[PDB]
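Asker: Once you've had a glance at the structure underneath, I'll fire off some questions.
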Amino acid sequence: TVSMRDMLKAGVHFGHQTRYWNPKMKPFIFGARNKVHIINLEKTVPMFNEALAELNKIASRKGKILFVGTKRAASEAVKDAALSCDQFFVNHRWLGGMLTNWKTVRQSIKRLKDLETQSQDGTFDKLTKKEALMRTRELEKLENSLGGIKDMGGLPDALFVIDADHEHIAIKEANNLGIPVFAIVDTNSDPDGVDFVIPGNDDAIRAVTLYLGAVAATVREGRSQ
RNA sequence: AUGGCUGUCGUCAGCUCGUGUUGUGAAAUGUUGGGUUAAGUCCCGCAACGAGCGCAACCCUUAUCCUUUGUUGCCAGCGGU
Ligand SMILES: [Mg+2]
Ligand SMILES: [Mg+2]
Ligand SMILES: [Mg+2]
Ligand SMILES: [Mg+2]
Ligand SMILES: [Mg+2]
Ligand SMILES: [Mg+2]
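In our numbering, the protein residues as written are 14 to 238.
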């Protein structure tokens, strides 16, 4: 699907410097041009479409596909790419224990549902005005970190992740539950908890646009399927 | 040997717990950090997320007005002592 002639133009093949690299990433490194690692795209494209063709499978049963990015470099990009195929995101801070301790965080999805309903569908006026805003500032703080999963219900089946050592907690919560992990592993990040490592850059906004596109496109193809 | 009741630390701001995680284990996190407050007071940050008992608010008293109600209270303008 996605090939090598789009990525080099975009800026996927850039890693960090040569003092921050992870020595486990050495099967995915071409060399070091100007003190900065270059990633072999010959081992990126067959390992990017390897991850997409299984999102053909999991979107061929309407399986729940949670997208993860909290860098705030593409926090706005991860919502809209998850709202293309109306799948799920955590764009601001991943709460610790969101998946292992789900039925506790379930009680806060419900409170988010009642504060969203009361503002629009409730239409209840003439209430205590200094109390009216602590109810109102509650909504905007639960829309913030839980707002991507207001319409999910349970645990997902996949876990698409943008950085693997910025989101190391979200990997370990899907390690211990048996949810597969489809992550983008830059050359500083640890690929052990990731089941399907995808090397590349994660700081150019075009690169994370390219990733989230065809990840959503096969789930858009799966929903049509 | 106790029940009920009280003193005191001390009206000092604290003492916990479920689910989760880390640790072989006693346990730890939550409760820490940045500011702030009379205050675990509030905001922000943070593998934590939530909750309870205590922190305040609801009760009483004092302070200004307003209306209804005027005797055993009152006496302003209104007859005479
Ligand atoms: Mg243990
Ligand atoms: Mg505990
Ligand atoms: Mg503690
Ligand atoms: Mg304590
Ligand atoms: Mg503090
Ligand atoms: Mg309190």
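We put the CB at the ideal spot given by N, CA and C, even for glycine.
For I184 and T83, what's the separation of their Cα atoms in angstroms?
Answerer: Position 171 of the first sequence holds residue 184. Position 70 of the first sequence holds residue 83. Approximately 13 Å between the Cα atoms of the pair.
Asker: Excluding the five sequence neighbours on either side, which residues of its own chain have a C-beta within less than 8 Å of the C-beta of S121, listed in chain order?
Answerer: Counting from 1 along the first sequence, the entry for residue 121 is found at position 108. Only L155 and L159 meet the Cβ criterion.
Asker: Quick check on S132: buried or exposed, where buried means 16 or more other Cβ atoms within 10 Å of its Cβ?
Answerer: As a working mapping, residue 132 is identified with position 119 in the first sequence. The residue in question, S132, is exposed, as its Cβ has fewer than 16 Cβ neighbours within 10 Å.
Asker: I need the straight-line Cα distance from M20 to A220, nearest angstrom please.
Answerer: In the first sequence, counting from the first residue as 1, residue 20 sits at position 7. In the first sequence, counting from the first residue as 1, residue 220 sits at position 207. The alpha-carbon atoms of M20 and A220 are separated by roughly 8 Å.
Asker: My output table needs one value for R219: the three-state DSSP class, helix, strand or coil.
Answerer: To locate residue 219, count along the first sequence from 1; it is residue 206. Here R219 sits in helix by DSSP.
Asker: Grouping DSSP H, G and I as helix and E and B as strand, with all else coil, what is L155?
Answerer: Within the first sequence, residue 155 is the residue found at index 142, counting from 1. The answer is helix: DSSP assigns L155 an H, G or I state.
Asker: Please state whether the Cβ-Cβ distance between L96 and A171 is less than 8 Å.
Answerer: Taking the first sequence and counting its residues from 1, one reaches residue 96 at position 83. Taking the first sequence and counting its residues from 1, one reaches residue 171 at position 158. Cβ distance not < 8 Å, so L96 and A171 don't count as in contact.
Asker: With DSSP as the reference, label residue 9 as helix, strand or coil.
Answerer: In the structure displayed, the chain extends from 14 to 238; residue 9 sits before or after that span and is not available.
Asker: In whole angstroms, what separates the C-alpha of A187 from that of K92?
Answerer: As a working note, residue 187 is residue 174 in the first sequence. As a working note, residue 92 is residue 79 in the first sequence. Cα-Cα distance, rounded: 20 Å.
Asker: Hey, out of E153, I71 and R85, whose CA is closest to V194's CA?
Answerer: Numbered from 1 along the first sequence, position 181 holds the residue referred to as residue 194. Among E153, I71 and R85, the Cα nearest to that of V194 belongs to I71.
Asker: What does DSSP give as the partner residues of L79 in its beta bridges?
Answerer: On the first sequence, residue 79 is found 66 positions in, with the first residue counted as 1. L79 is bridged to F101 and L172.
Asker: Applying the criterion that 16 or more other CB atoms from any shown protein chain within 10 Å of the CB defines a buried residue, is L190 buried or exposed?
Answerer: On the first sequence, residue 190 is found 177 positions in, with the first residue counted as 1. So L190 counts as exposed.
Asker: What is the DSSP secondary structure of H181, reduced to helix, strand or coil?
Answerer: Working through the first sequence from its first residue, we reach residue 181 at position 168. In the structure shown, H181 sits in a helix (DSSP, three-state: H, G or I).
Asker: Mind reading off the beta-carbon distance from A23 to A217? Whole number of angstroms is fine, and I expect it under 8 Å.
Answerer: Within the first sequence, residue 23 is the residue found at index 10, counting from 1. Within the first sequence, residue 217 is the residue found at index 204, counting from 1. Right, their Cβ atoms sit about 7 Å apart.
Asker: Just mark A229 as buried or exposed, buried being the case when its beta carbon has 16 or more other beta carbons within 10 Å.
Answerer: For the purposes of this step, residue 229 is identified with residue 216 of the first sequence, where counting begins at 1. With 16 or more Cβ atoms within 10 Å of its Cβ, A229 is classed as buried.
Asker: Would you tell me roughly how many angstroms separate the C-alpha atoms of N214 and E89, rounded to the nearest one?
Answerer: Along the first sequence, read from residue 1 onward, the residue named residue 214 stands at position 201. Along the first sequence, read from residue 1 onward, the residue named residue 89 stands at position 76. Going from the Cα of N214 to the Cα of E89 covers about 18 Å.
Asker: What first and last residue would you give for the alpha helix (DSSP H) that runs through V118?
Answerer: For the purposes of this step, residue 118 is identified with residue 105 of the first sequence, where counting begins at 1. Residues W115 to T130.
Asker: List the endpoints of the continuous beta strand (DSSP E) containing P59.
Answerer: The residue you call residue 59 lines up with position 46 of the first sequence. Here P59 belongs to no beta strand (DSSP E); instead the alpha helix (DSSP H) covers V58 to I71.
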